[PDB]
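To keep things clear, I will list the structure first and then write my remarks on it.
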Amino acid sequence: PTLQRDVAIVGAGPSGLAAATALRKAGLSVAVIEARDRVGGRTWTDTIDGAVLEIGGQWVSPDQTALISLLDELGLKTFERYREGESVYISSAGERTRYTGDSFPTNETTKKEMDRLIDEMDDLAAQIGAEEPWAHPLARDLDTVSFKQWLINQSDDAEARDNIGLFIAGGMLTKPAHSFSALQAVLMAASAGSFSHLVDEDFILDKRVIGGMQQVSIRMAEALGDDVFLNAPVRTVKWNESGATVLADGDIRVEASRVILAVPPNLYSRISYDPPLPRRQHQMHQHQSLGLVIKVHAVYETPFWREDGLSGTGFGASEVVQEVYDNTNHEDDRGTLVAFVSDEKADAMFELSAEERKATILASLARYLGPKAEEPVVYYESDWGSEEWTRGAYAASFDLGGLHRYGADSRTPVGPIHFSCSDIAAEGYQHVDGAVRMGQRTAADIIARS
Amino acid sequence: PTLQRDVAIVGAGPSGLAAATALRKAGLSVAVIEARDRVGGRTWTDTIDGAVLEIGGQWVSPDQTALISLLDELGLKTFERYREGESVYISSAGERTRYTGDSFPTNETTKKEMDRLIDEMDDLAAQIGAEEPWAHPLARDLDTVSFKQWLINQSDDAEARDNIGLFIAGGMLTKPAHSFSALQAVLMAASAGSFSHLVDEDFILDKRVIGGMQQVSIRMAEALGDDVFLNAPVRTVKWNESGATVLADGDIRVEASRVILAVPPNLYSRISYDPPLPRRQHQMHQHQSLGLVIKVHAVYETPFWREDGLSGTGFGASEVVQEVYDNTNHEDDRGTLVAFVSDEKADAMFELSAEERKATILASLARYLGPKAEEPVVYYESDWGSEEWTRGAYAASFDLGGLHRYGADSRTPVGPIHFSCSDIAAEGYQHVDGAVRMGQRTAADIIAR
Ligand SMILES: Cc1cc2nc3c(=O)[nH]c(=O)nc-3n(C[C@H](O)[C@H](O)[C@H](O)COP(=O)(O)OP(=O)(O)OC[C@H]3O[C@@H](n4cnc5c(N)ncnc54)[C@H](O)[C@@H]3O)c2cc1C
Ligand SMILES: Cc1cc2nc3c(=O)[nH]c(=O)nc-3n(C[C@H](O)[C@H](O)[C@H](O)COP(=O)(O)OP(=O)(O)OC[C@H]3O[C@@H](n4cnc5c(N)ncnc54)[C@H](O)[C@@H]3O)c2cc1C
């Protein structure tokens, strides 16, 4: 079929759907064209071996105000993650200690080093900000030193530097600390409101949506009706100063005034542009890449850790699994754990056989919470790296030096072509809240233009 | 058209063509499918305002034995870049000094610092090698420190550091030194035979091809006749354990036992694979990127610098133009300069208007060679970044950390899909010679079974 719209939107993830919804609200007509047999992108709720799981993005923090309004507008409610009782910390030397409150139970030197670093990171984030971190006069020096090297320049305490890295490198950017810059650590902190917010799992991992995060996309898409096309990878964008024509599988053709690429940046060159994008985009898009993380799901007869006085939360920068949390579904009698295996530790697990990998990850949940972690009734690993329409998790970031070099260009339109995804967001960078903000910002930009 | 072939080859650059050439000798049949209206890829000879220029790759060094051997087989000869008389050095203090001989005319202390850093890089390259630098016991620590931070650790002398950087960062990888690892520097050095080989423009930039480097591809492609398809971007590869179908524009459909992707790695995902490549390829390919450099060409009625006793060679790590060389065509009476503006300096020139960029570049050329450099008869800038089928220059390298993490996987086949370009080569990495070696290494693999 051939259609005529004011805006063609490539990608029916939360970012494209939020842009579509805002455009519709303002009276513009839209078509959203999606590759997969479903909407939601990196958010997805599925049933595996009888257990309902969130395969992707799921948590809402209190600074995610754009996602919180959108939830309210769609009739969706939240619930809080279980946090009663003791958390577990595993030290660099391998000592396992139960604790409550909000510092790790390390020796005092380490604790004071961590506090000081948290404070320095909060300070940098408040000064530099998430809107245009590259523009600050401190930015050049921060963007040309790796986060690993910057931590070495700040502190002699190995354990403190490893735990600070746990929160940014394994915990957010899903890349090793030697491979992105101090500035990129600052941006990640600023985007979430402060580094202290990313440190406190009670803040950044506070709530979930009743019915799952994918419902945010599913409900936006339901309201768009026949203007959403599924099973339709977009292959070609033909453009000029006044116009873009978008071509997709199934003989789909959309003639639009503007196009929104609502896809992560590592995937822009999956589409052919006629004429080609300018040199600056050709170069910039090469320097953007997704991290890699395994999101592990483990379902048990009950949340057994709660009988032992444990919250289910566990941190260990030297473990294969660096984080574990209670991920029990709203009103479920069965318990579910969630755990994360990050970057180079993920590659290492994927090189083991499926059997050996499972055994290694369950051994590690057992190190945190006890030998009952070893007996789930359902076990599943989210595998976003294999998915050709994602190719990693959670989200994309520049290589080292790319944030200062290309950051000012990452949202600029090219003629009628706009860009919108969480991976180029300011507040809410990498999160559904960022996807939502960017979709709304791109919509408002198009509306003013037209 | 639909055709059957033993091997379908995507890309008619030197790597694809060298592979097709080797495959035919064994009696395997081939189709070589090429996006552009020409062969050669990053090699290309063109005529701008009536003056002939090598828009891309052009120089041959004595360690480039796969290339040299191929030139002989194709009946092509070489000539040497003019090098008589004095070179020019521009110091960090902006001081300009004519010199000859094998080191920069700096003070003795800076000279000792440079020498020590060159010996250190030679030693690392000799221990580590180009074949699998990631497997060496020193590899992890070299690959997690940037080259800039490694230089800072080795030497406190900023002029000596910037000068070593000139040869590797602006001069090869065309990325700034804070963005790639020490191990990647060591690779670049091992791949050319040593770091000293890259410091000596009389080695790395020794010879050119009579008739132009593009002739290497042109001749190879001529011998293949109707098995080369031009103006045919490949869009899809459908594959299983025993075979592939390759689909290109113009309704080309090639059914084959093996496919070679003879394209730089930042372009692999311009193609759809059915079923998708595995996760490890999905990830690795995102971590590969081309550098950026403006190859500047300036043509004058004579090689005027030779009249002032200058070789045409100039170096200055702080200039916008960090290098200038005599690039006079074989038996032309007109003189031609070649010059390079690398990485973030290229981004900054591209941000000015064309007129202001040209004046800024020619001002810098004038500082090396005199006010005559500012009145060329023909001026041209190679723009590979704008080409959708290249998108940068000279070649691709990992981001920081990628070489150790992914290196061992960069040549591995996926089922019947093989990978062959200069950007994944061992010896000859990033150069025509590496493209030839990889093309021949891939063909030998497929041939042997
Ligand atoms: C395991 C995991 C855990 C995460 N944790 C959370 C968390 O707890 N909280 C949170 O808020 N965020 C989290 N995130 C991140 C969050 O899911 C993403 O930031 C957000 O989904 C990004 O949305 P987007 O619309 O910007 O891109 P995406 O959701 O990736 O959507 C892009 C869409 O475009 C489609 N597409 C791509 N190319 C084409 C093409 N050529 N043609 C047609 N369609 C195309 C894709 O199929 C996809 O549907 C997590 C993600 C993962 C994977
Ligand atoms: C400014 C510049 C200066 C250089 N300096 C030197 C030097 O002097 N000496 C030296 O040895 N090397 C030099 N190089 C590097 C050298 O030219 C490259 O190493 C070499 O050409 C690599 O050859 P290749 O076959 O691996 O890839 P390429 O030459 O890039 O060829 C790949 C081919 O694939 C085609 N292609 C890509 N995608 C598709 C697709 N989907 N479908 C069909 N076709 C496709 C492209 O059009 C291209 O023709 C220079 C390069 C440049 C750009």
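All ligand and atom numbering here is 1-based and tracks the order in the structure. Side chains are part of it too, since the values below use all heavy atoms of this structure and drop only hydrogens, waters and symmetry mates. The sequence lines fix the lettering, A, B, ..., with proteins before strands; numbering per chain opens at 1.
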Run the ring-ring contact (aromatic ring centres under 6.0 Å, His included) test against A:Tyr380 and tell me which residues pass, sequence neighbours left out. A:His297
Of the listed options A:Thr174, A:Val263, A:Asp249, closest to atom 37 (C) of ligand 1 (non-hydrogen atoms): A:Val263
Closest to atom 10 (C) of ligand 1 (judged by heavy-atom distance), picking from A:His431, A:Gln64, A:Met172: A:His431
Short N or O distance, B:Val234 and ligand 2, threshold 3.5 Å exclusive: yes
Atom 51 (C) of ligand 1 [closest protein heavy-atom partner, distance rounded to 0.1 Å]: A:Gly57 N, 3.7 Å
What protein heavy atom is closest to atom 21 (O) of ligand 1, reported as residue, atom name and distance in Å? A:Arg42 CB, 3.5 Å
Mind checking whether [X] has a heavy atom under 4.0 Å from ligand 2?
X	result
B:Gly434	no
B:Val10	yes
B:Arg270	no

State which residues pass side-chain hydrogen bond (donor to acceptor under 3.5 Å, both in side chains) with A:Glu34; sequence neighbours excluded, sorted by chain then number. none
With a 4.0 Å cut-off on heavy atoms, is A:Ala262 in contact with ligand 1? yes
Looking only at distances, please establish whether an N/O atom of ligand 1 is found under 3.5 Å from an N/O atom of A:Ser422. yes
Please work out whether any backbone atom (N, CA, C, O) or any side-chain heavy atom from C-beta onward of A:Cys421 is under 4.0 Å from ligand 1, and answer side chain, backbone, both or neither. both
